[PDB]
Amino acid sequence: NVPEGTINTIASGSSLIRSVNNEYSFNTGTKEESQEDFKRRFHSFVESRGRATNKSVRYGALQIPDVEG
Amino acid sequence: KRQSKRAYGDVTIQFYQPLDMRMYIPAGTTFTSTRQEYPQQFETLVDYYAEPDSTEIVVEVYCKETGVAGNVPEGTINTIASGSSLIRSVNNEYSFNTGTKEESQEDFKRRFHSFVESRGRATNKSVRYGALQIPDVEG
Amino acid sequence: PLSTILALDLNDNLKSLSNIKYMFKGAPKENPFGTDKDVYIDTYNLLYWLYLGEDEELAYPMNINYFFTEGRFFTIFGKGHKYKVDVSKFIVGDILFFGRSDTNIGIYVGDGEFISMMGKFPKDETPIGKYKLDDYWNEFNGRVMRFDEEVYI
Amino acid sequence: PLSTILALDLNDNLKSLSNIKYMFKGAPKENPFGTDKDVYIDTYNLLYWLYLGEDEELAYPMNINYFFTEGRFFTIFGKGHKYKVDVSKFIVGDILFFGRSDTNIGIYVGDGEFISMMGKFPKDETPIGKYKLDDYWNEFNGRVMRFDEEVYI
Amino acid sequence: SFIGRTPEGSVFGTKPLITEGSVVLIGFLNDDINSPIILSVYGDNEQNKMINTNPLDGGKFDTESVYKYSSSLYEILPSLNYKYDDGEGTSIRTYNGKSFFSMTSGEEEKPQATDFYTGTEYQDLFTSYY
Amino acid sequence: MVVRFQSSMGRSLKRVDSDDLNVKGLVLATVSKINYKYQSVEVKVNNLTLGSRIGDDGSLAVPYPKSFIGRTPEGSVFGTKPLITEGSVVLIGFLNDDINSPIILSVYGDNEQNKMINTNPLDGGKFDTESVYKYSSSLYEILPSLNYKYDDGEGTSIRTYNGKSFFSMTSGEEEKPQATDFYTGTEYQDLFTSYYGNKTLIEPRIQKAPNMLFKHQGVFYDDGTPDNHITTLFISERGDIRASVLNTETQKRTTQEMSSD
Amino acid sequence: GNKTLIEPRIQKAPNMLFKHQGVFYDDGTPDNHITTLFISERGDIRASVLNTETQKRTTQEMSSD
Amino acid sequence: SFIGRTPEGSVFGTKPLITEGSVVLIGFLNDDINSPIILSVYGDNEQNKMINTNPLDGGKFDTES
Amino acid sequence: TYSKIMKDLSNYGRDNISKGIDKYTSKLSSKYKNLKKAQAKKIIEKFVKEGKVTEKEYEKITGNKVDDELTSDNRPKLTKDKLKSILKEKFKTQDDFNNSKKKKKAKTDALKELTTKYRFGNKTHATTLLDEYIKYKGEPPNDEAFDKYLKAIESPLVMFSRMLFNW
Amino acid sequence: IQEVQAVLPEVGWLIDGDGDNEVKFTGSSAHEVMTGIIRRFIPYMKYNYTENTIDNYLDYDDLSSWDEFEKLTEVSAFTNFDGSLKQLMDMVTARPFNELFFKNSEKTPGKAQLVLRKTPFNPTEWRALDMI
Amino acid sequence: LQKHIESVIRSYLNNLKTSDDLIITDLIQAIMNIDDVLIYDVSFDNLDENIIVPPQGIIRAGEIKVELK
C-alpha cells in the first residue's frame, strides 16, 4: 500500500518510455484475516447454504478472495 | 523403401531502407526461430546477392533435420544469423508443407504391388512400373 | 479567475471584433476596443490590449522575451512533447504557442478549440476568428503557460 | 556495329557540317542535318541528333545524368587513371570524356584522334572539327564508355 | 582537425581553439607515465546543457518529429555570435551586434527569415537563447 | 594437487584475480539512445548496455567529444554541439581500464558508408603527386540536411542549400562551366560533386525554394550616439530581390526592389 | 608564424555566383523562378531574375570597363 | 566528424582531409596487435609554430588582453 | 498499371515523396520490375513539380497501353501456334534478315509485346529463340524451335569450428 | 553471442535490451539482487540425480545486507566477459562490506547453505555470532 | 487460419497425379482432417460437380479465395 505517485521507473532500458506514474493508491494489500473476519465469513457461509437468497448471493459473490465490498 | 525428404521453402527479408550498394550474403547463413515449439534450424545451399535499390530479397532454405518438423506454420522463421543492421524483419509468407517422414507403409505396399504386377513385361502395368521407378517422376 | 473571465468575455465578443485585422507584427498605438475604426493587431498585442483594460499593465510590445524572465507565468507543459490525451486536462485562459520558433500564440477555449489569427503572411485582411484544434494540433509544440497576479509585486 | 558506322559517317561528312556551330549548352529544336541554316549545337545534342537519325531515340537533352542510370552504356575504363599505352586498344565509336566535372565529351576516331567542338566559352563561332589527342591527352580524365542496343528493351 | 604539406612545399593545417580550465582526456604512450597526449576535450554536464536548444528529453533519432530538433549542428564561436544548421531548411548565422544571416523554405518558418516592415527581431529566433 | 583447485584460466596456469576484471584496451559499441537535453548517449554492447542508469540524462551518462568548449572572461560559456546519430559505431575508452566508466573517443563509419560519401575515383597513389592532389585534397562534408559543402585544393569550392540552389566559385577556364551563368546557368546535375560515390545523385532533402536575407544593425559606436541604421538584402522564394536601408527612429526608408516578373 | 607571407596557391581570379531556384511551394504551382548573382573574373557583376517557362528575364549588368 | 542515416534512408556524413606523412595516434582493440584504429592526428612542433599567428609566449586565458 | 502507380503516389502524398525521391523511387521499382530506375525517377519528378500525372505523361515516359484493363484479370497464354502466328507478322519480308538495322527494331517490338501481352515472358530465353529463328531464316529443320521457348519457361569457418569442437 | 538478431515482422519489444541475450537484475539490496541472480540460472542447471537439483540441496536463504545505505541497483548480467557466476557473484557481494562463503547448515543438518550477510565487524552483529 | 487453409488447399492441388477428376469429397475430407471439431462445414459455389480431366490434363494451378460465413 504505497502512496500516490510512488512508482517512477520501470527498472529496465526504458528506451521508448520517459516516466511512469500511478494516479491512484494501492489498497488491496492487506495482512492475514483476523479471527473476527473468519467468524463473520463462516457465519455468512452457514447462512448461505440456502440458495436463491440475497444472503446466499452475498457469500456466492464474496467467495472470491479479491472481492471485499 | 526410399528415405525422407528434407523440408524446404522460401523466406522473405525486409530491410529498413533500399540498399545503396550491392551486398553479398555469406554461404551457409542460418535461419531459425524463437518459438519453443519449432527450434529446428535451416541453412542455405547456394550463394545470393542483394542488388542495390531493392527493399526485399527472397532466398530458398532447406531444413537440416530430416522429418516433418520442418513443416512450420506461417510466421515461424523469424531469426537470421550473421545478419547486418539493414535487415528490418524476417518472415516466411507461406508454410512449407513439404517435409515428410519415412515412406508410408501403404505407399510402399502399393508400389510393391505395382512391381509384382509388373513382373510380366509388355503390358500397361509393366510400363507403369518402369516409368514410376525413377524417384523424381511422380504420377 | 481573471484569465478565465477575460477569455470568456473575448469569446462572447468575438463576433463583434471583426474590425481587428491580422498582421505579422502589428503594434498600433490605438486601443482596438476604444475605436470603431479597423486596426491591424497581432496575437501578442491583442493579449496586451486585453489585459490592459483591467488594472494590470504588463509591458509593450510583449514579445517572446517577456515570458522568459518577467516571472508573470509558470510553465504547465514543456516543449518537445506532444500528447493528445492530456489536452482535456487544460483549462480556459491557458496560452497556447504555435510554430517551431514561437512564431504565433493563442488562447485556449473549451470544447477543444483555440482563439488566434490565421492567414497568409503579407498582411492578410482576414479578421480574428476561432478554429478547431484538430488541424492545428500538428504545430502545437507542447508549450503551455498560465497567469498569476496575486503573488506578483 | 552501329556506333562505328555512325562515327565513320560523321568523319566522312565532317567537312560538310561547317554549318553547325559551338555553344556551351546549345539545345536547338531543329535537326542540323535536315536544314542548311547554321545552328548552335553542343556535343551532347550532337550525339543525340546523330543517334536519332536511325531507329534509336534515346532522350533529350541527354545531360551527364543520362549515363548514370539509363543503362544504355557499360564502362570500359574508370575515372582516376590515365595510361597512354592502352589508348591503342580503344576502338572507333567510344565516347571520350573531358574536364574535371564532365564539362565536355567526344567521339574517338582512329589514328589517335577524336572529334569534338573546341573554342572560347562565350558562344564561339568556330565550327565542328577534329583535333589531335596529344595536346588534349592531359584533360582526358580516363573515363571511357561504349554503346549496346541488342539487349536493351 | 587536419594537417599536412602540399607538393609545392607549403604547410597547411588547422589551429582548433584551446580553452583554460576545460577537461581533456589523456592517453599515455605505451602506458608509460610522463608522456601525455590529449585525445579530445569533454565539457561538463551543465555546460553541455547550457549550449543546446533541444527541448526533447529523449526519443529515437529515426522519428521524423525528433529529426527536426535532434538534427541540429549547433556551434558557438569564441565570439558569442553563433552559427546554426539543421536537418530542415532553417539555417541561422550571427555576427557582431544583432546582425544575422538566415534562410528557410517552410511557410511556417517564414517569420524566422522575413523582411516585413522592420524584419524579424533577433530575440524572435529560438536559436538565439541558451 | 588439492590446493590447486582455485580460479584459473588459459592453457597455461594463471592466477585469475581482480586484474582480469579490468578491461585491457578499447572496445566498440553502437549508439542506441541519446539524451538530447544533455547530449549524452548510452551505447549498446553486443549483449550489454553501458550507462542507462536510474538517472535519466543528467546524473549519469556517457559524455561525447566536443570540438571546443570554454568560458570567456566576462563569464558567458561558449562551445559546440557536434551532431549525434543513432546506430553509429563509436570507439570507447574506459577510465583507468575500469569497466562501467565509458567515454567515447570518436565516431567511425562503416566501409560502405565511407565509400558512399566520397567522390574520389582514384584507387590509390601518393599524396605528393600533382594530379592526385586535385582529387585527394577535397574537404568534402555533408550536413545533416542533404545539401552539402565542398572545398578543394584547387580553386573549385561548391556550397548547396535547399532545393537545387547552390553557390560556387572557380578560376580555371577548364572548370569555368562549373560556376558559369551563360543562358540559364549551369545545372545542379552538371556538378560532379553532386553525386554520391556509387553513381547516385545527391537529392536535396527539401525541394521548396529558400528565402535569404542579410540583416545588419547595431547598438552604438565610438561617436556615442545610438545606432538606428537597419539594412537588409532579403530574397524571396519567388525570386524577388530587395536591398533596403532604414532608419527606424526617423521613420525613413529607401528600397531597391526587384519583382519576380 | 615565422614572418612569412601566406601565398595563395592559385593566383587566377575566381568567378562567383549565387544561383537560386526550387521545385514547388505551398501554393502548389511549380517553381520556375531563377535568379543569379554572377561575378566574372574580369570584374563584371550581373544580378538577374529569370522565368524560364515564360521566356522572360530582367538583368542588371556591370561591365569591367 | 559525424556520420549517420536519415529517416528517409539517405546516408550523410563527412570526409575530413587526409594527408600523407602526418603523425597519427593509434589505439589497438582490446590491446590486441594487428587491429589498429586512428584516434586523432597530431602535428609537429615546427608545423604548429608555423600555422599560428599568436605572438604571446604565455599567459592565463582569462586575461582580457 | 497506370492507376496503381498514380494511387501509390497519392497514398504517400507529395510532401512525403518530396523528401527522398531517389529512395521512394526504389520502392515503386521494387514492387514492379517493369519500371527501371530512370523510368520511375522521371515520373516522380513530373508528379511533384506539376502536382499530377496524366496519361500523356505516362506514355511519354514509356510506350504502354494505358487504355487496357483486361490484362489485370486474365490474358492469352500464348499456347503454341500463337507464337508462330505473331512472329509471321513481324517478319513479313526477307530483307529484314539481311538489313540488321530494322532487325533490331523488329525483335525489340516482338519482345516488348510478347513479355507484356502474355502470361509467360522472358528476355534471355526469348532471345535464344530469336537467334535460332534469325539464323535459320524462319524455316528451321524442326518445329521444336517455336516450342523450345515455351518448354524452357515454367566453408573454412565452418570446417575450423567443427573440427575444433571434435578435438 | 555475437551474431543473433532475433527480429519479428512489424513487432517489437517496448523495453530495451530485448531480442539480444541481455538480462538486467534490479533490487534495492544484496539479498534482493542475489535472489534474482541465483534464481535466474539455478533451476535449469539440470543433472542426473535419481531423486532434484542444486536448489533443493542449497537453501541460499536468510540473506541480508545494508538495505538502508544501498540505493536501487541495475547490475548487468554480462558485466564480466564470458566470466563465471562466481566472478559475477563477487560484484554483487561488494566485498569487504559483505561476507560470502559456503558452509554446512547447522540449523538443517544434511545439506549445505549459501551465506550472504553484512560483515560481523559491527558491534551488535559481532554479538549476534554464536560463541564456541 | 485463413492463410493456413489457403496454403493447405493449394498444396492439395499440387502433388496430384494425372488423369483423375477433381473430386470434391476428397478435398473436403482432407481439409476437414486438420480439425474435425473446429471446422464445421465446407461448401462450394461453381465446382460442386466433379471436373473430368483429359489424359494430358493435370490440375495444379488455381487461385483460392476464402469466404468465411
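Method information in the entry identifies cryo-EM as the source of the structure, with 4.4 Å recorded as the resolution.

Colleague: Help me understand the sheet that holds strand β12 (residues 166–170) of chain F in this model?
Modeller: Adjacent strands of a sheet form backbone hydrogen bonds with each other and so pair up, either parallel or antiparallel. Taking strand neighbours across the sheet as the criterion, the six strands line up as β1(G)-β12(F)-β11(F)-β10(F)-β9(F)-β3(H) in an open arrangement whose pairing is antiparallel. Each edge of the sheet is formed by a strand with only one pairing partner; in this case those strands are β1 (15–19) of chain G together with β3 (14–15) of chain H. Strand direction decides the pairing type here: strand β9 (residues 140–142) of chain F and β3 of chain H, joined by two bridges, are antiparallel. If you follow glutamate 141 of chain F over to β3 of chain H, its bridge partner there is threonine 14 of chain H.

Colleague: Just to check I follow, could you spell out a negative patch on the surface for this structure?
Modeller: All names here are of chain C. A grouping of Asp9, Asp12, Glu54 and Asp55 is seen on the molecular surface, where their side chains present a negatively charged patch. Mapped onto the elements of the fold, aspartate 12 is located in helix α1 (residues 2–12). Accessibility expressed as a relative area gives 60% for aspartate 12, which makes it exposed.

Colleague: For this particular structure, what's the right way to read the interface of chain F and chain E?
Modeller: A common way to report how large an interface is uses the accessible area buried once the components associate. Residue-level contacts link 60 residues of chain F with 67 residues of chain E. Summing the contributions of chain F and of chain E, the shared interface buries around 5900 Å²; its carbon and sulfur component is 56%. When the buried area of chain F at its contact with chain E is split by residue, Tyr36, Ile69 and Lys81 of chain F rank highest and sum to 14% of it. Counting the contacts that link chain F with chain E gives two salt bridges. A salt bridge links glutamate 237 of chain F to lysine 110 of chain E, with the shortest nitrogen-to-oxygen separation between them at 3.6 Å. Here chain F and chain E share 27 residue pairs in polar contact between them.

Colleague: Explanation requested: a positive patch on the surface in the structure shown.
Modeller: On the surface, a cluster of positive charge is contributed by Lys83 and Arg93 of chain E together with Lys149 and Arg159 of chain F. Within the secondary structure, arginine 93 of chain E is located in strand β7 (residues 91–94). Residue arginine 93 of chain E is classed as partly exposed on the basis of its relative accessible area, which comes to 36%.

Colleague: Is there a simple way to think about the nonpolar core in this case?
Modeller: In globular proteins that are soluble, nonpolar side chains generally tend to be buried together. The biggest cluster of nonpolar side chains holds 44 residues, and the ones touching the most others in it are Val43, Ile92, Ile104 and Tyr148 of chain F. Those elements that place two or more of their residues in this core are α2 (64–70) of chain E, β1 (27–35), β2 (40–45), β7 (89–92), β8 (104–108), β9 and β10 (148–151) of chain F together with β2 (11–12) of chain H. In terms of residues, this core owes the most to one element, β1 of chain F, which gives four residues. Those residues in contact with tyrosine 148 of chain F, other than ones at most four positions away along the chain, are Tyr140, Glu141, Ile142, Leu143, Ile158, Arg159, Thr160, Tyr188, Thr193, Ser194 and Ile202 of chain F. Within the second largest apolar cluster, 34 residues are counted, among which are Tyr44, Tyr51, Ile107 and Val109 of chain D.

Colleague: What exactly am I supposed to notice about the interface of chain G and chain I here?
Modeller: The partner chain I presents four residues to the seven residues of chain G that form the contact. Carbon and sulfur atoms supply 59% of the area that chain G and chain I bury against each other, a total of about 480 Å² over both sides. Of all residues in chain G, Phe24, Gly28 and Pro30 of chain G give up the largest surface area on contact with chain I, accounting jointly for 70% of the area buried on that side. Here chain G is connected to chain I by zero salt bridges. Counting across the interface, chain G meets chain I through one residue pair in polar contact. Split by residue class, the side of chain G that touches chain I holds three nonpolar, two polar and two charged.

Colleague: Help me understand the pattern of salt bridges, please; the structure alone is not making it clear to me.
Modeller: A side chain of one charge can pair with a side chain of the opposite charge if their charged atoms are brought near each other. Considering all chains together, one arrives at 58 salt bridges over all chains under this definition. Where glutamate 117 of chain B meets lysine 125 of chain B, a salt bridge forms, and the shortest distance between an N and an O atom there is 3.5 Å. Exposure remark for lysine 125 of chain B: the relative accessible area of 44% places this residue in the partly exposed category. Two residues, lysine 46 of chain I and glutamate 50 of chain I, come together in a salt bridge whose shortest N-O distance is 3.8 Å. Linking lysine 46 of chain I with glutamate 50 of chain I, this pair stays in helix α4 (residues 37–50), spanning four residues, or about one helical turn. For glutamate 50 of chain I, a relative accessible area of 39% translates into the label partly exposed. Each of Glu8 of chain E, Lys134 and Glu154 of chain F together with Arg9 of chain G takes part in a single network of salt bridges with overlapping partners.

Cut-offs applied
Residues numbered from 1 in each chain as written, not as in the entry; some residues may be left out. Chains lettered and ligands numbered in written order. Part of a larger assembly, values for the part shown. Heavy atoms only, no water. Pairing = 2+ DSSP bridges. Helix = DSSP H or I, 4+ residues; strand = E, 2+ residues; numbered from the N terminus. Patch = residues over 30% accessible without salt bridge, like charges linked within 9 Å, V, L, I, M, F, W, Y side chains within 5 Å. Areas by Shrake-Rupley, 256 points an atom, 1.4 Å probe, with all protein chains shown as cover. Salt bridge = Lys/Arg side-chain N within 4 Å of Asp/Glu carboxyl O. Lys, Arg positive; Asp, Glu negative; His and termini not counted. Charge placed at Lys NZ, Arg CZ, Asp CG, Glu CD. Buried < 20%, exposed > 50% of the residue type's maximum accessible area, 1.4 Å probe, protein only. Contact = heavy atoms within 4.5 Å. Buried area = accessible area lost by both parts, 1.4 Å probe. Polar contact = N/O pair within 3.5 Å; in protein donor to acceptor, adjacent residues only side chain to side chain. Core = buried A, V, L, I, M, F, W, Y, C linked by side-chain atoms within 4.5 Å. Nonpolar A, V, L, I, M, F, W, Y, C, P; charged D, E, K, R; others polar.

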